[PDB]
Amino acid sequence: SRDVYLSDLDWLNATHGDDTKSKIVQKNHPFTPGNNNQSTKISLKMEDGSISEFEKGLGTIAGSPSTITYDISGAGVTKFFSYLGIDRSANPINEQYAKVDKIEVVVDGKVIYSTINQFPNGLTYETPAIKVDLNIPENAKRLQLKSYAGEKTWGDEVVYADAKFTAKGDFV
């Protein structure tokens, strides 16, 4: 029926790998700038080599995993769309920073998408934005966005840029 940005909904919970455990996943901003009350927009390097800034999305720090969970029961979600990448605001000091093992989209406990298959070496600061367009099973109740930091969480500014559902209904 219409597109509904995930950042325009409330999550059930949203964990992240940051050292400051009272920081929170950010709506429409990358994680660290967002928590620092900066206006900085989410931005990624695209396949065509340009940097795109996004109006909407989610910013987290990858964890073991970081898990952002939505109740989509009754909402008639048929599609999930997002770009995935490390936000340009991350500081890629060296190979140890901004290195994410994988990102998964999970629906009612089942992984329906993982970067691991096309991205066997994970994501890093140089990885171009990953375009994800997914069919969502009918009558689904829970959708989770999981990002896996691997060895360390340093610089793992994971953003789900322009993350939105196609949905028929009202959300809980």
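For every residue, the number given is its place in the sequence shown, counted from 1.
Across the two stretches, 133-141 and 24-32, the PDB entry reports the greater mean Cα temperature factor for 133-141. As the entry records it, the average C-alpha temperature factor is higher for 160-168, out of 146-154 and 160-168.
For the set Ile51, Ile68, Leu58, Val106, the PDB entry puts the maximum C-alpha B factor at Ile51.
In the deposited entry, the Cα temperature factor of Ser114 places it in the lowest third of its chain's modelled residues. The deposited CA B-factor of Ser64 belongs to the highest third of values across its chain. Ranked by C-alpha B-factor against the other modelled residues of its chain, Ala90 falls in the middle third. Among the modelled residues of the chain, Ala98 sits in the middle third by CA temperature factor in this PDB entry. Split the chain's modelled residues into thirds by C-alpha temperature factor. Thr40 is in the highest one.
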